[PDB]
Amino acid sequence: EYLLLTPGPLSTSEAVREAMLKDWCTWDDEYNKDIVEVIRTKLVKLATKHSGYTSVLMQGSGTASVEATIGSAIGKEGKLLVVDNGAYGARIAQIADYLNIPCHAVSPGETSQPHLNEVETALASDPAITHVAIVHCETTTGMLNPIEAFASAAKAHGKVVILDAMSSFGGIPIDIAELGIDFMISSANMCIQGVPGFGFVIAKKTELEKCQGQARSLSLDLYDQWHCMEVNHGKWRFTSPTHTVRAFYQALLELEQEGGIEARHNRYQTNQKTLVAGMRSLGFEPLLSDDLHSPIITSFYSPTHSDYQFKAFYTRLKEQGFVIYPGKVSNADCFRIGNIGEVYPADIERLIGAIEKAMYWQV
């Protein structure tokens, strides 16, 4: 019943959920070859039109895939450069800390875009960096980060590039081979519009090969997981979330049917721009300037009316069939509205009407 205006888990189509009504055996080819290997093939082609890439699927939250990448790719003498401008870049630094990996972090603040000169300066002044981690859509605020110039700078400096594309892959066109991304992480449940249960890594095969024997976790051993899928035709070393994987297979078919990432991006971009215009017509201000907006999720300042309360606003909107999202900026009073999943222009129009009816602090 609710329309979830979240970044994911979000409102999935009826067919994506119905695809979960079948049980699968984890040791049978009908699952491994017919479902898993197909997802792997499709994911690589979605990420790039070029050769040399491969995919690995990993059980757990998308954070477990980010952690599997960091912990498996970085050697004993490695150092990670993190571009931190929100919770996800900060979480990458936190993973490095847990795994005792030295970290250089450029942290301009949660509402600031990192400048190319900041990444270039870190690379030029710290030769110990071996790896660079960047976030494509910083979901914290919904900022769209300029990943091309950062990846380009890192590659020119001979670094391995890790991209957290959790909230962008499948909704924002990117060719990870052209961008020079060595490891791209993304989610089953955001722009692809599947359900949560696993994440995945699309990696340059020669870079993934270097991960062998370097892992800091058995569950999160990226090369071991990949090797098993490679030689055992899709087999996950340990139990996988079968139903969610089959839902993902369905989500990939619906993305092809929509017209691919280009068509999905166009829908998302139209939803986001329509939402921003609608919100401005009601007196809401986006937290970020329009040039920094992603087409995925948008942060808005909380109304400054003395009677405004997020909980009361959230409840009134839920009563009208819409679930909005908490702000994630520690120094700003804000909220978020995603426009992905089963969200179409007609939904944005109904939403704007519902937000006006939920503005209890105004006649």
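So that there is no doubt, residue numbering starts at 1 and follows the sequence shown.
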Pick between 62-70 and 24-32: the one whose mean CA B-factor in the entry is higher. 24-32
Hey, which bit's got the bigger mean C-alpha B factor in the entry, 146-154 or 185-193? 146-154
Of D175, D97, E138, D221, which one's C-alpha B factor is largest in the deposited record? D175
Going by the deposited entry, which of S217, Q257, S168, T242 has the highest CA temperature factor? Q257
Among the modelled residues of this chain, does the Cα B factor of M359 put it in the lowest, middle or highest third? highest
Considering only modelled residues of the same chain, in which third does the CA B-factor of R316 rank: lowest, middle or highest? middle
Compare the C-alpha B factor of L351 with those of the other modelled residues in its chain, then answer lowest, middle or highest third. middle
By the record's CA B-factor, is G89 among the lowest, middle or highest third of residues in the chain? lowest
Grab the CA temperature factor for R336 from the record and place it in the lowest, middle or highest third of its chain. lowest
